[PDB]
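Don't worry about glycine lacking a Cβ; one is built from the backbone with ideal geometry, like all the others, and counts go over all protein chains shown. Quick note: the coordinates plus some simple rules give every number you see, no bench work behind them.
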Amino acid sequence: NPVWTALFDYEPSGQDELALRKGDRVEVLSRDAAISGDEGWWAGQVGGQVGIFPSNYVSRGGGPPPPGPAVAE
């Protein structure tokens with residue numbers, strides 16, 4: 001299990017979503033949508049809580065992510 005780092009705060013919109021704070025070390029349990037329930041969301045663990053969170057909210061080492069395509073809403 002690789003441990004990624006949170007780039008931003010994330011406030012959950014439900015009980016299945018994992019709250020993130022910038023700097024959190026996140027243990028990534030599954031990058032697969034068959035587990036997370038949604039493309040682009042991963043399953044992980046922080047502080048003994050497990051839940052899903054957005055994959056664009058973490059980076060391998062906590063520095064800026066690889067330069068490339070953004071997300072629309």
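Quick one: how many residues across the stretch 6-20 are assigned to a loop (DSSP other than H, G, I, E, B) and either in contact with a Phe, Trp or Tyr (Cβ under 8 Å, 6 or more places away or on another chain) or aromatic (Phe, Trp, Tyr) (or both)?
Residues meeting the conditions: 4.
Step by step: first the residues of the stretch 46-73, then only those that are part of a helix (DSSP H, G or I) and either over 13 Å from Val28 (Cα atoms) or not small (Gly, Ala, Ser) (or both), then the one that is farthest from the chain's Cα centre (by Cα). Which residue is that?
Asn56
Please find, within the stretch 1-14, the residue that is surrounded by the fewest Cβ atoms within 10 Å (Cβ to Cβ) out of those that are out of contact with any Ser or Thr (no Cβ under 9 Å at 6 or more places or on another chain) and in contact (Cβ under 8 Å) with a residue 12 or more places away in the chain.
Of the residues in the stretch 1-14, the ones out of contact with any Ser or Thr (no Cβ under 9 Å at 6 or more places or on another chain) are 1-3, 8-14.
Narrowing further to those that are in contact (Cβ under 8 Å) with a residue 12 or more places away in the chain: 1-3, 8-10, 12.
Numbers: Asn1: 8, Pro2: 10, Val3: 15, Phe8: 12, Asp9: 12, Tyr10: 18, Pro12: 14.
By that ranking, first place goes to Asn1.
Pick from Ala43, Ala34: which is over 10 Å from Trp4 (Cβ atoms), assigned to a strand (DSSP E or B) and without any contact (Cβ under 8 Å) to a residue 24 or more places away in the chain?
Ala43
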